[PDB]
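What follows is the content of entry-v2.tsv, which has TSV, C-alpha atoms:
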```
chain	number	residue	atom	x	y	z
A	1	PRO	CA	156.02	238.19	246.41
A	2	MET	CA	157.31	241.55	247.74
A	3	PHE	CA	154.98	244.42	248.69
A	4	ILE	CA	156.39	247.89	249.58
A	5	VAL	CA	154.32	250.86	250.84
A	6	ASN	CA	155.95	254.32	251.01
A	7	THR	CA	153.69	256.87	252.74
A	8	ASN	CA	153.71	260.31	254.39
A	9	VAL	CA	151.41	258.91	257.16
A	10	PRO	CA	153.36	258.98	260.44
A	11	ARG	CA	154.81	255.83	262.05
A	12	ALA	CA	152.40	256.14	265.03
A	13	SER	CA	149.42	255.88	262.58
A	14	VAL	CA	150.58	252.42	261.33
A	15	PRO	CA	148.63	249.93	263.44
A	16	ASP	CA	150.34	247.10	265.31
A	17	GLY	CA	149.76	243.96	263.25
A	18	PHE	CA	149.74	245.80	259.87
A	19	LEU	CA	152.75	243.85	258.47
A	20	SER	CA	151.05	240.57	259.57
A	21	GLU	CA	147.72	241.59	257.97
A	22	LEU	CA	149.46	242.51	254.70
A	23	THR	CA	151.33	239.15	254.78
A	24	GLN	CA	148.12	237.16	255.31
A	25	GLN	CA	146.02	239.09	252.76
A	26	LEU	CA	148.75	238.97	250.08
A	27	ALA	CA	149.28	235.20	250.65
A	28	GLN	CA	145.49	234.70	250.10
A	29	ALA	CA	145.34	237.10	247.10
A	30	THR	CA	148.42	235.75	245.25
A	31	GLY	CA	147.80	232.11	246.29
A	32	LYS	CA	151.47	231.92	247.42
A	33	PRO	CA	152.43	230.59	250.85
A	34	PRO	CA	152.94	233.28	253.51
A	35	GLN	CA	156.54	232.05	253.96
A	36	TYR	CA	157.32	233.62	250.56
A	37	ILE	CA	155.57	236.98	251.18
A	38	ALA	CA	157.77	239.92	252.13
A	39	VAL	CA	156.26	243.24	253.24
A	40	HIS	CA	157.91	246.63	253.85
A	41	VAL	CA	156.21	249.76	255.21
A	42	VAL	CA	158.00	253.15	255.05
A	43	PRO	CA	156.12	255.89	256.94
A	44	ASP	CA	156.99	259.56	257.59
A	45	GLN	CA	158.05	260.14	253.95
A	46	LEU	CA	158.47	263.49	252.17
A	47	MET	CA	156.06	262.98	249.28
A	48	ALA	CA	153.25	264.55	247.33
A	49	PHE	CA	150.48	263.25	245.07
A	50	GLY	CA	148.96	265.70	242.59
A	51	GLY	CA	151.01	268.48	244.26
A	52	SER	CA	149.30	267.75	247.62
A	53	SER	CA	150.86	266.50	250.89
A	54	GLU	CA	147.55	265.07	252.11
A	55	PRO	CA	147.96	261.37	252.99
A	56	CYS	CA	149.13	259.30	250.02
A	57	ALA	CA	151.02	256.08	249.23
A	58	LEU	CA	153.40	254.93	246.52
A	59	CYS	CA	153.60	251.14	246.44
A	60	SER	CA	155.03	248.20	244.50
A	61	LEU	CA	154.07	244.54	244.22
A	62	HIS	CA	156.72	242.28	242.66
A	63	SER	CA	155.66	238.67	242.03
A	64	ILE	CA	156.88	235.76	239.93
A	65	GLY	CA	153.67	235.43	237.96
A	66	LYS	CA	150.18	236.03	239.41
A	67	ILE	CA	150.34	239.46	237.70
A	68	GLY	CA	147.87	240.47	234.98
A	69	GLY	CA	144.95	242.67	234.04
A	70	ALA	CA	142.19	241.07	236.17
A	71	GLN	CA	144.52	240.01	239.02
A	72	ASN	CA	145.95	243.53	239.31
A	73	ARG	CA	142.45	245.09	239.47
A	74	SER	CA	141.66	242.68	242.35
A	75	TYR	CA	144.99	243.43	244.11
A	76	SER	CA	144.31	247.16	243.74
A	77	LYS	CA	140.85	246.89	245.32
A	78	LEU	CA	142.31	244.80	248.17
A	79	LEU	CA	145.34	246.96	248.87
A	80	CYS	CA	143.59	250.34	248.44
A	81	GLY	CA	140.95	248.90	250.84
A	82	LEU	CA	143.60	248.07	253.44
A	83	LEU	CA	145.39	251.43	253.08
A	84	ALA	CA	142.04	253.30	253.41
A	85	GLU	CA	140.92	251.25	256.46
A	86	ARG	CA	144.25	251.01	258.34
A	87	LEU	CA	146.20	254.16	257.27
A	88	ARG	CA	143.21	256.44	256.34
A	89	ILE	CA	144.64	257.04	252.83
A	90	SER	CA	142.13	257.81	250.06
A	91	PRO	CA	142.30	255.20	247.23
A	92	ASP	CA	142.70	258.05	244.66
A	93	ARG	CA	145.96	259.04	246.43
A	94	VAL	CA	147.52	255.53	246.02
A	95	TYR	CA	149.67	254.25	243.15
A	96	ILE	CA	150.66	250.57	243.05
A	97	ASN	CA	153.24	249.53	240.46
A	98	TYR	CA	152.94	245.81	239.53
A	99	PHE	CA	155.98	243.90	238.31
A	100	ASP	CA	155.78	240.36	236.86
A	101	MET	CA	159.32	239.15	237.65
A	102	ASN	CA	160.97	236.36	235.65
A	103	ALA	CA	162.12	233.61	238.10
A	104	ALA	CA	165.71	233.99	236.80
A	105	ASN	CA	165.56	237.71	237.74
A	106	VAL	CA	164.80	237.07	241.47
A	107	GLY	CA	167.66	236.20	243.79
A	108	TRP	CA	167.04	234.28	247.04
A	109	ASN	CA	169.12	231.92	249.21
A	110	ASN	CA	172.43	232.29	247.23
A	111	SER	CA	170.77	231.58	243.84
A	112	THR	CA	167.64	232.50	241.82
A	113	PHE	CA	164.15	231.04	241.61
A	114	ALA	CA	164.79	229.72	238.06
B	1	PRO	CA	154.09	259.68	236.70
B	2	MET	CA	155.96	258.74	239.89
B	3	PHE	CA	159.38	260.34	240.54
B	4	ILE	CA	161.53	259.14	243.48
B	5	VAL	CA	164.88	260.68	244.48
B	6	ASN	CA	167.07	259.00	247.12
B	7	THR	CA	170.03	261.16	248.19
B	8	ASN	CA	172.74	261.47	250.85
B	9	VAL	CA	172.09	265.28	250.92
B	10	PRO	CA	170.72	266.16	254.37
B	11	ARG	CA	167.03	267.03	254.90
B	12	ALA	CA	167.95	270.64	255.85
B	13	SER	CA	169.57	271.07	252.35
B	14	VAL	CA	166.25	270.25	250.58
B	15	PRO	CA	164.73	273.70	249.96
B	16	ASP	CA	161.15	274.55	250.82
B	17	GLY	CA	158.91	274.19	247.76
B	18	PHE	CA	161.02	271.41	246.16
B	19	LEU	CA	158.24	268.77	245.92
B	20	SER	CA	155.95	271.41	244.29
B	21	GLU	CA	158.71	272.44	241.82
B	22	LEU	CA	159.24	268.77	240.88
B	23	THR	CA	155.47	268.25	240.45
B	24	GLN	CA	155.09	271.32	238.23
B	25	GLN	CA	158.13	270.64	236.03
B	26	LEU	CA	157.31	266.93	235.59
B	27	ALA	CA	153.70	267.82	234.60
B	28	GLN	CA	155.06	270.11	231.91
B	29	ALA	CA	157.83	267.83	230.69
B	30	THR	CA	155.68	264.65	230.51
B	31	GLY	CA	152.52	266.49	229.30
B	32	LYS	CA	150.54	264.78	232.07
B	33	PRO	CA	148.08	266.64	234.31
B	34	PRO	CA	149.72	267.67	237.60
B	35	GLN	CA	146.99	265.77	239.50
B	36	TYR	CA	148.59	262.49	238.27
B	37	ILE	CA	152.20	263.39	239.22
B	38	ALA	CA	153.57	261.82	242.45
B	39	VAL	CA	156.96	262.86	243.87
B	40	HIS	CA	159.00	261.40	246.73
B	41	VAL	CA	162.29	262.77	248.12
B	42	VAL	CA	164.37	260.66	250.56
B	43	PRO	CA	167.30	262.59	252.08
B	44	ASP	CA	169.97	261.57	254.62
B	45	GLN	CA	170.61	258.24	252.89
B	46	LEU	CA	173.62	255.96	253.31
B	47	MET	CA	174.80	255.74	249.71
B	48	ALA	CA	177.84	255.98	247.49
B	49	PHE	CA	178.36	256.70	243.76
B	50	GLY	CA	181.63	255.50	242.23
B	51	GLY	CA	182.78	254.54	245.75
B	52	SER	CA	182.42	258.18	246.88
B	53	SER	CA	180.06	259.65	249.50
B	54	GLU	CA	180.10	263.12	247.88
B	55	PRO	CA	176.54	264.27	247.15
B	56	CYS	CA	174.73	261.93	244.78
B	57	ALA	CA	171.21	260.78	243.87
B	58	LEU	CA	169.60	257.51	242.78
B	59	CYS	CA	166.23	258.16	241.19
B	60	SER	CA	163.38	256.53	239.27
B	61	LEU	CA	160.66	257.84	236.97
B	62	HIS	CA	157.74	255.49	236.29
B	63	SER	CA	155.15	256.68	233.75
B	64	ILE	CA	152.35	255.11	231.68
B	65	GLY	CA	153.88	256.12	228.37
B	66	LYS	CA	155.87	259.31	227.70
B	67	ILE	CA	159.06	257.21	228.09
B	68	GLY	CA	161.57	256.86	225.26
B	69	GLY	CA	165.04	257.78	224.05
B	70	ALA	CA	164.50	261.48	223.27
B	71	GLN	CA	161.95	262.06	226.08
B	72	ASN	CA	164.28	260.45	228.64
B	73	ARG	CA	167.22	262.65	227.51
B	74	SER	CA	164.97	265.71	228.06
B	75	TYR	CA	163.82	264.41	231.49
B	76	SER	CA	167.43	263.80	232.48
B	77	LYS	CA	168.52	267.35	231.55
B	78	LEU	CA	165.50	268.74	233.51
B	79	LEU	CA	165.92	266.58	236.60
B	80	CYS	CA	169.74	266.74	236.79
B	81	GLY	CA	169.37	270.54	236.39
B	82	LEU	CA	166.94	270.70	239.35
B	83	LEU	CA	169.12	268.40	241.52
B	84	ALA	CA	172.21	270.53	240.71
B	85	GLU	CA	170.46	273.90	241.34
B	86	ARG	CA	168.40	272.88	244.40
B	87	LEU	CA	170.43	270.10	246.12
B	88	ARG	CA	173.95	270.97	244.75
B	89	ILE	CA	174.35	267.44	243.33
B	90	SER	CA	176.65	267.15	240.30
B	91	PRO	CA	174.77	265.73	237.27
B	92	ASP	CA	177.47	263.03	236.84
B	93	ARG	CA	176.57	261.70	240.34
B	94	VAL	CA	172.89	261.14	239.41
B	95	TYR	CA	171.33	257.95	238.04
B	96	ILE	CA	167.65	257.96	236.92
B	97	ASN	CA	165.97	254.65	236.06
B	98	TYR	CA	163.10	255.14	233.55
B	99	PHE	CA	160.16	252.70	233.46
B	100	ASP	CA	157.38	252.66	230.85
B	101	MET	CA	154.54	251.07	232.81
B	102	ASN	CA	151.70	249.22	231.09
B	103	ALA	CA	148.38	250.77	232.23
B	104	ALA	CA	147.27	247.28	233.43
B	105	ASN	CA	150.31	247.24	235.78
B	106	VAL	CA	149.43	250.50	237.63
B	107	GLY	CA	146.87	250.39	240.42
B	108	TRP	CA	145.02	253.57	241.44
B	109	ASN	CA	141.63	254.31	243.01
B	110	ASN	CA	140.69	250.61	243.66
B	111	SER	CA	141.42	249.53	240.06
B	112	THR	CA	144.07	249.95	237.34
B	113	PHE	CA	144.41	252.32	234.39
B	114	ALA	CA	143.72	249.60	231.77
C	1	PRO	CA	175.07	249.44	238.08
C	2	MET	CA	172.86	250.40	241.07
C	3	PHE	CA	172.46	248.12	244.14
C	4	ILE	CA	169.93	248.93	246.92
C	5	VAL	CA	169.49	246.95	250.14
C	6	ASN	CA	166.52	247.64	252.46
C	7	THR	CA	166.86	245.85	255.82
C	8	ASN	CA	165.45	245.76	259.35
C	9	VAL	CA	169.04	245.38	260.70
C	10	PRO	CA	169.86	248.49	262.76
C	11	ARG	CA	172.24	251.17	261.47
C	12	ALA	CA	174.80	250.39	264.23
C	13	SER	CA	175.02	246.77	262.88
C	14	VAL	CA	176.17	248.03	259.41
C	15	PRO	CA	179.98	247.78	259.64
C	16	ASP	CA	182.32	250.54	258.64
C	17	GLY	CA	183.53	250.03	255.07
C	18	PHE	CA	180.37	248.20	253.91
C	19	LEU	CA	179.44	250.60	251.06
C	20	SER	CA	183.06	250.39	249.77
C	21	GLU	CA	182.99	246.56	249.98
C	22	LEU	CA	179.70	246.45	248.03
C	23	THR	CA	181.13	248.86	245.43
C	24	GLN	CA	184.32	246.80	245.01
C	25	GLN	CA	182.63	243.40	244.84
C	26	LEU	CA	179.90	244.58	242.39
C	27	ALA	CA	182.57	246.18	240.14
C	28	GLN	CA	184.25	242.80	239.94
C	29	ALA	CA	181.08	240.74	239.59
C	30	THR	CA	179.51	242.95	236.86
C	31	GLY	CA	182.86	243.69	235.18
C	32	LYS	CA	181.93	247.41	235.20
C	33	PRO	CA	184.40	249.99	236.58
C	34	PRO	CA	183.82	250.97	240.24
C	35	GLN	CA	183.34	254.62	239.11
C	36	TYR	CA	180.00	253.44	237.60
C	37	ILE	CA	178.76	251.43	240.64
C	38	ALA	CA	176.22	253.07	242.97
C	39	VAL	CA	175.22	251.49	246.30
C	40	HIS	CA	172.52	252.33	248.83
C	41	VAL	CA	171.91	250.73	252.24
C	42	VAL	CA	168.65	251.47	254.15
C	43	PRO	CA	168.71	250.08	257.71
C	44	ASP	CA	166.16	250.21	260.54
C	45	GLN	CA	163.27	249.37	258.20
C	46	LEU	CA	159.79	248.12	259.19
C	47	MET	CA	159.59	244.86	257.29
C	48	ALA	CA	158.72	241.20	257.53
C	49	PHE	CA	159.82	238.17	255.50
C	50	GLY	CA	157.56	235.12	255.53
C	51	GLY	CA	155.51	236.58	258.41
C	52	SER	CA	158.42	237.25	260.78
C	53	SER	CA	160.91	240.01	261.62
C	54	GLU	CA	164.20	238.16	262.12
C	55	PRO	CA	166.91	239.97	260.02
C	56	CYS	CA	165.94	240.14	256.34
C	57	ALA	CA	166.70	242.16	253.22
C	58	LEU	CA	164.81	243.33	250.13
C	59	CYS	CA	167.24	244.39	247.43
C	60	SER	CA	167.47	245.47	243.78
C	61	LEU	CA	170.28	245.37	241.21
C	62	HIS	CA	169.74	247.52	238.11
C	63	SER	CA	172.37	247.14	235.36
C	64	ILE	CA	172.67	248.00	231.67
C	65	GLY	CA	173.27	244.44	230.57
C	66	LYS	CA	175.26	241.86	232.58
C	67	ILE	CA	171.87	240.44	233.71
C	68	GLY	CA	170.87	236.85	232.98
C	69	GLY	CA	170.22	233.42	234.48
C	70	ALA	CA	173.81	232.40	235.28
C	71	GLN	CA	175.05	235.92	236.06
C	72	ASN	CA	172.13	236.50	238.47
C	73	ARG	CA	172.85	233.20	240.28
C	74	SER	CA	176.48	234.41	240.73
C	75	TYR	CA	175.34	237.86	241.93
C	76	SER	CA	172.94	236.20	244.40
C	77	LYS	CA	175.69	234.03	245.87
C	78	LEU	CA	178.01	237.05	246.19
C	79	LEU	CA	175.38	239.40	247.67
C	80	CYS	CA	173.73	236.85	250.01
C	81	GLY	CA	177.27	236.00	251.16
C	82	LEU	CA	178.04	239.65	251.97
C	83	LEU	CA	174.68	240.21	253.73
C	84	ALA	CA	175.20	237.01	255.81
C	85	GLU	CA	178.82	237.83	256.75
C	86	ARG	CA	178.44	241.56	257.36
C	87	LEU	CA	174.79	242.05	258.45
C	88	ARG	CA	174.12	238.50	259.83
C	89	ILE	CA	171.09	238.08	257.53
C	90	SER	CA	170.23	234.50	256.58
C	91	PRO	CA	170.39	234.01	252.76
C	92	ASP	CA	166.84	232.49	252.84
C	93	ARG	CA	165.55	235.88	254.15
C	94	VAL	CA	166.97	237.87	251.17
C	95	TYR	CA	165.14	238.76	247.98
C	96	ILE	CA	167.07	240.51	245.14
C	97	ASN	CA	165.11	241.84	242.16
C	98	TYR	CA	167.31	242.04	239.02
C	99	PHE	CA	166.56	244.58	236.27
C	100	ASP	CA	168.29	244.63	232.86
C	101	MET	CA	167.98	248.31	231.95
C	102	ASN	CA	168.11	249.56	228.36
C	103	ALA	CA	170.82	252.29	228.04
C	104	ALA	CA	168.15	254.75	226.74
C	105	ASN	CA	166.19	254.12	230.00
C	106	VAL	CA	169.02	255.27	232.34
C	107	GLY	CA	169.56	258.99	232.92
C	108	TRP	CA	172.97	260.29	233.96
C	109	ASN	CA	174.84	263.58	233.52
C	110	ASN	CA	171.92	265.51	231.84
C	111	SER	CA	171.31	262.78	229.24
C	112	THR	CA	171.00	258.97	229.00
C	113	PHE	CA	173.55	256.24	228.46
C	114	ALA	CA	172.19	255.64	224.89
```
Represent the structure of the file as structure tokens.
Amino acid sequence: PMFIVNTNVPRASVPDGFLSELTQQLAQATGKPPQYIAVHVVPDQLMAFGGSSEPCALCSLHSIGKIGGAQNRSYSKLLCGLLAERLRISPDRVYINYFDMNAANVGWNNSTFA
Amino acid sequence: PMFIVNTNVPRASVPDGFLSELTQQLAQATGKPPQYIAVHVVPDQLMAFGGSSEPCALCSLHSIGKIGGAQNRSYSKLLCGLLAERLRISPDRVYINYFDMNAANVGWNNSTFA
Amino acid sequence: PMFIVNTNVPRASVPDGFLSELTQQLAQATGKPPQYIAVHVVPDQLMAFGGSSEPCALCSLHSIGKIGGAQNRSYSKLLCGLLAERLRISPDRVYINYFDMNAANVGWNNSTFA
């Protein structure tokens, strides 16, 4: 799985250990081993949410399966919780796009996961 | 809606008010309330279009609905027009990927839109 | 076609000529003319792969067609090969998300490719 957070929160406001926490929590949430979790945090961005430059985040979670109605509600509660606690972003200023990737449409290690 | 523009135009060439202009125009074009429009501009990027490093932009628009052949033509004329007028990017050096997101695949406010 | 690579490798480790090499090799792999290939490299990123921060890459390839099981395996070999040779990223620390875009869902030059 791949989780990306783009945010206008400054780099200094991202706590040490945040990538590790995201890795651990996403491994537990998706049920996938942490070795297959990739995380990417992009602070200091020029962005707005609802016309406002108050703290916000635009995020994606790509996974081969483990994507669906109930799972995505649970991921959203988890990840909005982490962004509120660690980056002080309001949950109503977070979008998370979920992508259920076909194994044949994910490249890794000179081939695909198919 | 979530609109992202990645460009090699420098930050100083992005005019004041641009994120607000994008927010307003996307609200009107998509019909969505401005409170649901998120915009993200990423200048100073290392990118090429057709092998050339002349000004260019690589963009995405994700929306829950309001995506389709005629709508996307209209969005493209709007957004290429703004990028030409405001960032001096030629329309033929702009790509916009359109994504019709299922409500169950968008997280917001600790849940999803389903 | 549009190829994006996000990496923690520093900007100074991206060799001169890399965007041109990506453009050339993707034109040949996809069969599309180089005038239609866009490339974007984002170094110096805050990311982890499998819980660690040794060089890694998170990438996308969006293309109108020319996406499928065998083609994507070939793209993965080509692109992992380039990232290993040029950026010294291990192929097992690269993820590439492939997207087969409908022509009506790609904006360009004030309209779509439909």
Which chain A residues are at most 9 Å from chain B (counting only C-alpha atoms), as a PDB file with C-alpha atoms, in the frame of the given file?
```pdb
ATOM      1  CA  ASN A   6     155.950 254.320 251.010  1.00  0.00           C
ATOM      2  CA  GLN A  45     158.050 260.140 253.950  1.00  0.00           C
ATOM      3  CA  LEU A  46     158.470 263.490 252.170  1.00  0.00           C
ATOM      4  CA  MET A  47     156.060 262.980 249.280  1.00  0.00           C
ATOM      5  CA  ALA A  48     153.250 264.550 247.330  1.00  0.00           C
ATOM      6  CA  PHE A  49     150.480 263.250 245.070  1.00  0.00           C
ATOM      7  CA  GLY A  50     148.960 265.700 242.590  1.00  0.00           C
ATOM      8  CA  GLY A  51     151.010 268.480 244.260  1.00  0.00           C
ATOM      9  CA  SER A  52     149.300 267.750 247.620  1.00  0.00           C
ATOM     10  CA  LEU A  58     153.400 254.930 246.520  1.00  0.00           C
ATOM     11  CA  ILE A  67     150.340 239.460 237.700  1.00  0.00           C
ATOM     12  CA  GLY A  68     147.870 240.470 234.980  1.00  0.00           C
ATOM     13  CA  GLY A  69     144.950 242.670 234.040  1.00  0.00           C
ATOM     14  CA  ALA A  70     142.190 241.070 236.170  1.00  0.00           C
ATOM     15  CA  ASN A  72     145.950 243.530 239.310  1.00  0.00           C
ATOM     16  CA  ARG A  73     142.450 245.090 239.470  1.00  0.00           C
ATOM     17  CA  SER A  74     141.660 242.680 242.350  1.00  0.00           C
ATOM     18  CA  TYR A  75     144.990 243.430 244.110  1.00  0.00           C
ATOM     19  CA  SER A  76     144.310 247.160 243.740  1.00  0.00           C
ATOM     20  CA  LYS A  77     140.850 246.890 245.320  1.00  0.00           C
ATOM     21  CA  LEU A  78     142.310 244.800 248.170  1.00  0.00           C
ATOM     22  CA  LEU A  79     145.340 246.960 248.870  1.00  0.00           C
ATOM     23  CA  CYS A  80     143.590 250.340 248.440  1.00  0.00           C
ATOM     24  CA  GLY A  81     140.950 248.900 250.840  1.00  0.00           C
ATOM     25  CA  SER A  90     142.130 257.810 250.060  1.00  0.00           C
ATOM     26  CA  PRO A  91     142.300 255.200 247.230  1.00  0.00           C
ATOM     27  CA  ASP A  92     142.700 258.050 244.660  1.00  0.00           C
ATOM     28  CA  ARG A  93     145.960 259.040 246.430  1.00  0.00           C
ATOM     29  CA  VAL A  94     147.520 255.530 246.020  1.00  0.00           C
ATOM     30  CA  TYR A  95     149.670 254.250 243.150  1.00  0.00           C
ATOM     31  CA  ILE A  96     150.660 250.570 243.050  1.00  0.00           C
ATOM     32  CA  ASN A  97     153.240 249.530 240.460  1.00  0.00           C
ATOM     33  CA  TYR A  98     152.940 245.810 239.530  1.00  0.00           C
ATOM     34  CA  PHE A  99     155.980 243.900 238.310  1.00  0.00           C
ATOM     35  CA  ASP A 100     155.780 240.360 236.860  1.00  0.00           C
TER      36      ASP A 100
END
```
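Atom to atom, atom CA of residue 29 of chain C and atom CA of residue 86 of chain C stand 18.0 Å apart.
A straight line drawn from atom CA of residue 87 of chain C to atom CA of residue 71 of chain C is 23.2 Å long.
Between atom CA of residue 88 of chain C and atom CA of residue 44 of chain C lies a distance of 14.2 Å.
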If the box runs along x, y and z of the file and leaves 6 Å on each side of segment 3-21 of chain A, what are its centre and edge lengths in Å, one decimal, as JSON?
```
{"center_x": 152.1, "center_y": 250.4, "center_z": 257.0, "size_x": 20.7, "size_y": 31.7, "size_z": 28.6}
```
